[PDB]
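There are 2 protein chains.
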Amino acid sequence: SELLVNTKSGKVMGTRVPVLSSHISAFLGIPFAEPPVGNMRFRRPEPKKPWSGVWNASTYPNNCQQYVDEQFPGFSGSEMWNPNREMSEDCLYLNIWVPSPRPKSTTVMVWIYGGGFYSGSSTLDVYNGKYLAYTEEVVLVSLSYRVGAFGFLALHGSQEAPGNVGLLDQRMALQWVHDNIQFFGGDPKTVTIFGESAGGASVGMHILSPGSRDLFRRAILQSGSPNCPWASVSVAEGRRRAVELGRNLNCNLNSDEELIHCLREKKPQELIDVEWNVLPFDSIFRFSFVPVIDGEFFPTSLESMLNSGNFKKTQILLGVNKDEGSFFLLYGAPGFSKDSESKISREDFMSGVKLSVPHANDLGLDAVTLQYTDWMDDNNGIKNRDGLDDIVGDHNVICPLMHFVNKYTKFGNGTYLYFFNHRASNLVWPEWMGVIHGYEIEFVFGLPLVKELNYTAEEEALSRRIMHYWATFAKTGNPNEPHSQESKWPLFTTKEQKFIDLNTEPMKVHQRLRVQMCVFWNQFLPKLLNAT
Amino acid sequence: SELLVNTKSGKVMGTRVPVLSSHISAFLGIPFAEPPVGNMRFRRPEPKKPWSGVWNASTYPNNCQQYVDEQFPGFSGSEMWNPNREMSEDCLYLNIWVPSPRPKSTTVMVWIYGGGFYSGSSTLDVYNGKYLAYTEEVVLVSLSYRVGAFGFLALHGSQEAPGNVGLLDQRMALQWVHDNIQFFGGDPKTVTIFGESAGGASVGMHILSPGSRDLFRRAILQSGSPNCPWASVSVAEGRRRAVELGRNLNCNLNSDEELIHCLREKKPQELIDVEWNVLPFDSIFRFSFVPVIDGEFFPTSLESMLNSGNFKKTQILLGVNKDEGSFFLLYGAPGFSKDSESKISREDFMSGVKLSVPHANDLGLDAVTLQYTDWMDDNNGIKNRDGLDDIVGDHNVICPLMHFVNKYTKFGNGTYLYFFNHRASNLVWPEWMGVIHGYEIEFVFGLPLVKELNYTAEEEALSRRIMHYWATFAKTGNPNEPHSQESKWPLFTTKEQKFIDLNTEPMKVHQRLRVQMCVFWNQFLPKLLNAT
Ligand SMILES: *[C@@H]1O[C@H](CO[C@@H]2O[C@@H](C)[C@@H](O)[C@@H](O)[C@@H]2O)[C@@H](O)[C@H](O)[C@H]1NC(C)=O
Ligand SMILES: *[C@@H]1O[C@H](CO)[C@@H](O)[C@H](O)[C@H]1NC(C)=O
Ligand SMILES: *[C@@H]1O[C@H](CO)[C@@H](O)[C@H](O)[C@H]1NC(C)=O
Ligand SMILES: CN1C=CC=CC1=CNO
Ligand SMILES: CN1C=CC=CC1=CNO
Numbered sequence: 004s005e006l007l008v009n010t011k012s013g014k015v016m017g018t019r020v021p022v023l024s025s026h027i028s029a030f031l032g033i034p035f036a037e038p039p040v041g042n043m044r045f046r047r048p049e050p051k052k053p054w055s056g057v058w059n060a061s062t063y064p065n066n067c068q069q070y071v072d073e074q075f076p077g078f079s080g081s082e083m084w085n086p087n088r089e090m091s092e093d094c095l096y097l098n099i100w101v102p103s104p105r106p107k108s109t110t111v112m113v114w115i116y117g118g119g120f121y122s123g124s125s126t127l128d129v130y131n132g133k134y135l136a137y138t139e140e141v142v143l144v145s146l147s148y149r150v151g152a153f154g155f156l157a158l159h160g161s162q163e164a165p166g167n168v169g170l171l172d173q174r175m176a177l178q179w180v181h182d183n184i185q186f187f188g189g190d191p192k193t194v195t196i197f198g199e200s201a202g203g204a205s206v207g208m209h210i211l212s213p214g215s216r217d218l219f220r221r222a223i224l225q226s227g228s229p230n231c232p233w234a235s236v237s238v239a240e241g242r243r244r245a246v247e248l249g250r251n252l253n254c255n256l257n258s259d260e261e262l263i264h265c266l267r268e269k270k271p272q273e274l275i276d277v278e279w280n281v282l283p284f285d286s287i288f289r290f291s292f293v294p295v296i297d298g299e300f301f302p303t304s305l306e307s308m309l310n311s312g313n314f315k316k317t318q319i320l321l322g323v324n325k326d327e328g329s330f331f332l333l334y335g336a337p338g339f340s341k342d343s344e345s346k347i348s349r350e351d352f353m354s355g356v357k358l359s360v361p362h363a364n365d366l367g368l369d370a371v372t373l374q375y376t377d378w379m380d381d382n383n384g385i386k387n388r389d390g391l392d393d394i395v396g397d398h399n400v401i402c403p404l405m406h407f408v409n410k411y412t413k414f415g416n417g418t419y420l421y422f423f424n425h426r427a428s429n430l431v432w433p434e435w436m437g438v439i440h441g442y443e444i445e446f447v448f449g450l451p452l453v454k455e456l457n458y459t460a461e462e463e464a465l466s467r468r469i470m471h472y473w474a475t476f477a478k479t480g481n482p483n484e485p486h487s488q489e490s491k492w493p494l495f496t497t498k499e500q501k502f503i504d505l506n507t508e509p510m511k512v513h514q515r516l517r518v519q520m521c522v523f524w525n526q527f528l529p530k531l532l533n534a535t
Numbered sequence: 004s005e006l007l008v009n010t011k012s013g014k015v016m017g018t019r020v021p022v023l024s025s026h027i028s029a030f031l032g033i034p035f036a037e038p039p040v041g042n043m044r045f046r047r048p049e050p051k052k053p054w055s056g057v058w059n060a061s062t063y064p065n066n067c068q069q070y071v072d073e074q075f076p077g078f079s080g081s082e083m084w085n086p087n088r089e090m091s092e093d094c095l096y097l098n099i100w101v102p103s104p105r106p107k108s109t110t111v112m113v114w115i116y117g118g119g120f121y122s123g124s125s126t127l128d129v130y131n132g133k134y135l136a137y138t139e140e141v142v143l144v145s146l147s148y149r150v151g152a153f154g155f156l157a158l159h160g161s162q163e164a165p166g167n168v169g170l171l172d173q174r175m176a177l178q179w180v181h182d183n184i185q186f187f188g189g190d191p192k193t194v195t196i197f198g199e200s201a202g203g204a205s206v207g208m209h210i211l212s213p214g215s216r217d218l219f220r221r222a223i224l225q226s227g228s229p230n231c232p233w234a235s236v237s238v239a240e241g242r243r244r245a246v247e248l249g250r251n252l253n254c255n256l257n258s259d260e261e262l263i264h265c266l267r268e269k270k271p272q273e274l275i276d277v278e279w280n281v282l283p284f285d286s287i288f289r290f291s292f293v294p295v296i297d298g299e300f301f302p303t304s305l306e307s308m309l310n311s312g313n314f315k316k317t318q319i320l321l322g323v324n325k326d327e328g329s330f331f332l333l334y335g336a337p338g339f340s341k342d343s344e345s346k347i348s349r350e351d352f353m354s355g356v357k358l359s360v361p362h363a364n365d366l367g368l369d370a371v372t373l374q375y376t377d378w379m380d381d382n383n384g385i386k387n388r389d390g391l392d393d394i395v396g397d398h399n400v401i402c403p404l405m406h407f408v409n410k411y412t413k414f415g416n417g418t419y420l421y422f423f424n425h426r427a428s429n430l431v432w433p434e435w436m437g438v439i440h441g442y443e444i445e446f447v448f449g450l451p452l453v454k455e456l457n458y459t460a461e462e463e464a465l466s467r468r469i470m471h472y473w474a475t476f477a478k479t480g481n482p483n484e485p486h487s488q489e490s491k492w493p494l495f496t497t498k499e500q501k502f503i504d505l506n507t508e509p510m511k512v513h514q515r516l517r518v519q520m521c522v523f524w525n526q527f528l529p530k531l532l533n534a535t
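In structure tokens form, the structure reads like this:
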């Protein structure tokens, strides 16, 4: 039977799912690790013990325990990101969509979800792998991993909570794919890892980490980079936040062992309820429990690894959206609301800057404010709002990614850079938010091909082109069809620094993506902060 | 006789001069001080002892001893600024052009020449007062003052060389005008002082200095401001440069008295030959012997005076030229030449920045470079050259003047701001230099009305309009004719910050002259340099 697969861990039974007037096979909720529960909370994951009999892989698995966004109850804009399955610490599962008939040795794509390392689910409507699996004839895997304190509580030196365990979850699922995807018709030597935001930082982290490199062939990073200022902390900062979490829950703080024991007795929601209390600054776009620069998963600082070529050398495809910052300002910054135009006063602008660059002294804050203020028109509410949007997107997403592409490209085997700037016609978020963080994902997963979802014909065409870029890149290391008649997405090179826009217009090629602003964020401001 | 005037110092005899098919009276080379020679070198000036008989005031006087520009021998572009009379330390004279017939009580304008406080002459072709005196019916005075070490050698605490003596020369001539201009038909209660570059800084310095304020009614500042970074030094820096000048001439340095005695024995050219050796940095747009912030002529720092309203409150008219920096780059910066287009390499750009902001640490230098570099096109030779031109003009002229207008306007009685951006059609300097420092002067003095000088008809019209703005402002405190049909030059106000362009096109009104760049120079960079 097409729906039955014997793997090295045991037999699994899938389910036939309809897709665009046809069908494919789905194997949902396959375990890749032992449930990380009880005395295993905070521990490195352990491989799943093989099972006798047939694993029922017909239904989506539990999502990992996480903070749930209740800022706009009933609003689909925000609720589409929330867990749509019961939450459990027993959450280490993966999902596979397989073309029908079962292929023999086809290109594999493995999705790693974002969510700031504090949230995310493999089971979201917008991550449904069937359209891409069906349309491009790939085997589509989505994995899961522990988030929040569960995935990233870091007490370096301890072996009960060393940090990075959520990244090791991701690695274990990649190992499982390596070992077993052949039985689903996947080629384990042609696995592309891809992810958005924290999932894109994750992808870059597996490129960097010696223990992950051999498990995949190539990589796609959407709106996320391993060097993002929000994506990792030092071992000292991770420790401080773990102790502070303990302090919030009235834990004995005399030793790691006393602290960890206390944290292990708490119900999952008890950790989540105080998770946001441990941040060192009043800030936006900062999350509590994130990867830790530990000397193990990352052997040295991210910057020295990037500089020395200490990373996997392969092809990468990556890029950003036009308005990365708007989502985070809406949630944290004064003056921003969902149902107004959010014109921002000079005062709210000033306050926004401080929230956005929490680590800056006053000189640093002045430098940012000057760089992003039109002094001929400093009270223009639209300009101040859009300026903040750029500050947040440039600092947190675009300029770290640009630093990564420039460093990577000197040692890698081929870089393709995009700038996604089409706003979906059916977005329910306000217009001021523009082309929002995360709203290229639906195009990558081919949702615009579903007529009931009410996209335009031009948006279906853009989705088809994006899916085919991603899958062709996955197959060959080049998003372009050989000997094709369409416009060519050129290689990003050190010298010419080319990229393309992704939108509904005819492809345009540009150079030096946001270079003026990224020189400020990547060269000048760090030098300013170090000297003062 | 029209050409004979009894003054409080004695009788003077002038000369009838032709002007535009008519005639007026000129009284040239009237002494206002005792020759500052011998044991009086470096001393405050003394009033001229009255003379018996008739002073022959038919010919231009000697110019003060100064460095002579020999960078382009035979080239009129540079030679038109050099002394056109014999140089002497006996140089404290003034020149008066008087309408014919002699007026009874008319508006007076007193010109103070620029030249970096190290040079300048009252007798230049381009300072000939007859066109303005004749055309606008004003009494036009040009004074002189000691420059270089002669005017500005400063050993604070000593009474033999206290500093600022060149400013006191200017003050003595203003006192003489106060006391005596009535006899030439001038109204001593309606004297406008006006000057360019160091002469404009001078004008602002008399606005500030308690001992000068009562001697004039109102003021015009062209391309110069008292707070310019090149226009004054501290008492400690003035002392250091005086000692260093002594060191260059093998002087005994054991005391002020030993130093001054030695400097007094030297021939004038001996001081001039080593004058440029005393500058503390490799720099452009910095001059050796300049006004000193002494606690006497200036009772406190220029900035605290501006902040507290400690200055004469009256009407001012002032502004700048589009390309203030080009002249100084040509003379000092690598990569700039008179007979090429001077396209500037990235290297020469970097070097230019250091010359332009000599007082900056590396962070400061990075801040400037970032502010003025187009990072999408950083190797564009034209952009780098024009960028440097703006750096030099903004730092040294435009932004200090903008800081002055903003501070002054909060306490003053009416401000009119211009931006002169017409390049003379007959300029012999290369085109890359644009609308050069100093090339509005010829328009203010009405040279375009002289047909043999080969200006266009439109340039004669611009000259006439400028002369009439200046003279009407001098007469009434407003450059606009009451109940006139032409476009109105609006008041510069704290709130709206209006100015006009001066050129051959119909008047346009703008706001916030170079505000983006001036916020950088006036607010951010000083804060950066203080913190680092
Ligand atoms: C496989 O599971 C299918 C769907 O099952 C449902 O959800 C899971 C999580 C369980 O709670 C189960 O009791 C629910 O019915 C079933 O339709 C199907 O019978 C199962 N196939 C088997 C057991 O061979
Ligand atoms: C990638 O590697 C191959 C084989 O080593 C090489 O021939 C090719 O030029 C490389 N391509 C790029 C874009 O670096
Ligand atoms: C100047 O001073 C006069 C008299 O004190 C006053 O009436 C007038 O408003 C002032 N003008 C400006 C522009 O400040
Ligand atoms: C809320 N959320 C979670 C994961 C990825 C994106 C995201 C987005 N909003 O744009
Ligand atoms: C050389 N020189 C002297 C005084 C004023 C201006 C000047 C100018 N060049 O523009």
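Residue numbers (the authors' numbering), protein chains in the order written: chain A, 4 to 535; chain A', 4 to 535. A prime marks a further copy of an entry chain.
Backbone N, C-alpha and C fix where the C-beta goes; we use that ideal spot for every residue, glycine too.
Practice task
Inspect the beta-carbon positions of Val-194 of chain A' and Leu-321 of chain A' and report whether they are closer than 8 Å.
Solution key: no
Problem - Separation of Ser-311 of chain A' from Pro-34 of chain A', as counted between CA atoms - result: 37 Å
Exercise for the section: Spell out a yes or no on whether the segment 291-307 of chain A' and the segment 354-369 of chain A' are touching, meaning 3 or more CB-CB pairs, one atom from each, closer than 8 Å. Expected result: no
Handout entry: DSSP state of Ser-125 of chain A mapped onto helix, strand, coil
Key = coil
Problem - is_contact[residue 2 of chain A, chain A'] using C-beta, thresh 8 Å - result: Here chain A has residues from 4 to 535 only, and residue 2 of chain A is not among them.
Handout entry: Three-state class that DSSP yields for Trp-524 of chain A in the structure shown
Key = helix
Practice task
Alpha carbon to alpha carbon, how far is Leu-333 of chain A from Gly-198 of chain A? Give it in angstroms, no decimals.
Solution key: 23 Å
Exercise for the section: Pull up the distance between the alpha-carbon of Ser-81 of chain A and that of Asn-416 of chain A', whole angstroms please. Expected result: 58 Å
Exercise for the section: Check the Cβ-Cβ distances between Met-379 of chain A' and every residue of chain A, and say whether any is below 8 Å. Expected result: yes
Problem - 7 Å CB neighbourhood of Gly-338 of chain A' in its chain, flanking five on each side removed - result: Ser-345, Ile-347, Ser-348, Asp-351
Handout entry: Proximity winner among A':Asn-387, A':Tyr-411, A':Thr-18, relative to residue 2 of chain A' (alpha-carbon distances)
Key = In this structure chain A' extends from 4 to 535, so residue 2 of chain A' is not present and cannot be described.
Problem - Whole-angstrom distance between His-362 of chain A and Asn-525 of chain A, CA atom to CA atom - result: 15 Å
Problem - CB contact below 8 Å: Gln-69 of chain A versus chain A' - result: no
Exercise for the section: With 8 Å as the threshold, decide whether the Cβ of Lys-530 of chain A' is near any Cβ in chain A. Expected result: yes
Exercise for the section: State the Cα-Cα distance for the pair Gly-41 of chain A and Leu-282 of chain A, rounded to the nearest angstrom. Expected result: 26 Å
Exercise for the section: Taking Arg-19 of chain A as the query, report the chain A' residues whose CB atoms sit under 8 Å from its CB, ordered along the chain. Expected result: The contacting residues do not exist; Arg-19 of chain A stays about 53 Å from chain A' at best.
Practice task
Name the two residues that bound the continuous beta strand (DSSP E) containing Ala-157 of chain A.
Solution key: Counting along the chain, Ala-157 of chain A falls outside any beta strand (DSSP E), and DSSP gives it neither H nor E.
Handout entry: Nearest neighbour of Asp-182 of chain A, chosen from A:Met-43, A:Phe-155, A:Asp-217, A:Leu-171 [CA to CA]
Key = A:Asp-217
Exercise for the section: Give the secondary structure of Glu-199 of chain A' by DSSP, where H, G and I count as helix, E and B as strand, and everything else as coil. Expected result: strand
Exercise for the section: Give a yes or no on whether 8 Å exceeds the smallest Cβ distance from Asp-397 of chain A' to chain A. Expected result: no
Exercise for the section: On the DSSP bridge assignment, give the partners of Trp-58 of chain A in chain order. Expected result: A:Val-15
Practice task
Anything in the segment 70-84 of chain A with a Cβ closer than 8 Å to a Cβ of chain A'? List those residues in chain order, please.
Solution key: none
Exercise for the section: Helix, strand or coil for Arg-244 of chain A, going by three-state DSSP, please let me know. Expected result: helix
Practice task
Have a look at A:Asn-98, A:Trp-279, A:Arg-44 and flag the residue whose alpha-carbon is nearest the alpha-carbon of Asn-65 of chain A.
Solution key: A:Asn-98
Practice task
Please confirm if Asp-393 of chain A' has its CB atom under 8 Å from at least one CB of chain A.
Solution key: no
Exercise for the section: Leaving out five residues on either side along the sequence, give the residues of the same chain with a beta carbon under 6 Å from the beta carbon of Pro-191 of chain A. Expected result: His-181, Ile-184, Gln-185
Handout entry: Other residues of its chain near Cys-402 of chain A: CB distance less than 6 Å, five sequence neighbours each side excluded
Key = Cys-521, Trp-524, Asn-525
Problem - Option nearest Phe-300 of chain A' by Cα separation, candidates A':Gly-169, A':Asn-364, A':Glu-268 - result: A':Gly-169
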